[PDB]
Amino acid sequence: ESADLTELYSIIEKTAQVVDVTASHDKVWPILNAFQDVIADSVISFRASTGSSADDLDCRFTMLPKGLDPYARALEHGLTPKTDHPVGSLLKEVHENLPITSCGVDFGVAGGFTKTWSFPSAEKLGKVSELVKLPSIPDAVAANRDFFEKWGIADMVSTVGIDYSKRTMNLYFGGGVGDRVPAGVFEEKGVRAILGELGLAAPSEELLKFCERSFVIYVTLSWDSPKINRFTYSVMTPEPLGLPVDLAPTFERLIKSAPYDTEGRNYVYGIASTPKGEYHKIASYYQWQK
């Protein structure tokens, strides 16, 4: 299992360099040791971003087993500090009260431990009605409950992400064989309506074309704002070079020159909309479980 960590660190360091980031051994090695017992059966992917997030590469371990509290593991190994902020208690509340069946963690290769993900199974999704009852939920979830209901997505929460570094939370909708995000969310009229009501940048032509292939969305919320922070459309494809977008040079390099084989595998691509603009994300899959 320690040969696996040496191998993985090498891949982490090399993949970082491909997107102009340098990995921190001092930050990354403790995380590998902390999660050594769940890494072999995990799904490992690397996510690059444009915009401000371009200064780090995210490494994600997902499909982690029930029984691991990934935040508790990070705390125990000194990867992240104890906090009294509600962000620190939300994962346990989510895991008890949504039908969570697996989980994940995210770290910046430079920045260190940053996020957890909590995943229901596709056939039994989470609900905003469950989330609003949790003591540690952002107030902004209930205050925006009608956004989720009007777009028909309230009862199809497919992942809960928690960012401990920025004190934000992502709610994901759609994906896999589960209940589907309504078509209207992805049509031009809906894209314009959603971004308009949330005060986010009007959709670009390339975003509108991208949305035609999207079946997953996610909403970012915080404890310190009553407004949804951003809204992201996601697309899954084994042919990212065929997406109706212009790809950043770093993204092209990640696709063409990652130090591992993406054996006909799916990539996951996102276009986030904020009040100021659009930012892109691409995830490349190093280790996958079939």
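Quick note: we count residues from 1 along the sequence shown, nothing fancier.
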_Which of 127-135 and 207-215 has higher mean CA B factor, as the PDB entry lists it_ = 127-135
*Between 221-229 and 260-268, which has the higher average C-alpha B-factor in the PDB entry?*
260-268
_Just the C-alpha B-factor column, please: which of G184, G112, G78, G175 has the biggest number?_
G175
*Report the option among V28, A48, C59, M236 whose CA atom has the maximum B-factor in the deposited record.*
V28
_Within-chain third of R73 by Cα B-factor, per the entry_ = lowest
*According to the PDB entry, is the CA B factor of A142 in the bottom, middle or top third of its chain, that is, lowest, middle or highest?*
highest
*Among the modelled residues of its chain, does the C-alpha B-factor of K276 lie in the lowest, middle or highest third?*
highest
*Among modelled residues of the same chain, the CA temperature factor third for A34*: middle
*asked:* Considering every modelled residue of the chain and its Cα B-factor in the PDB entry, is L64 in the lowest, middle or highest third?
replied: lowest
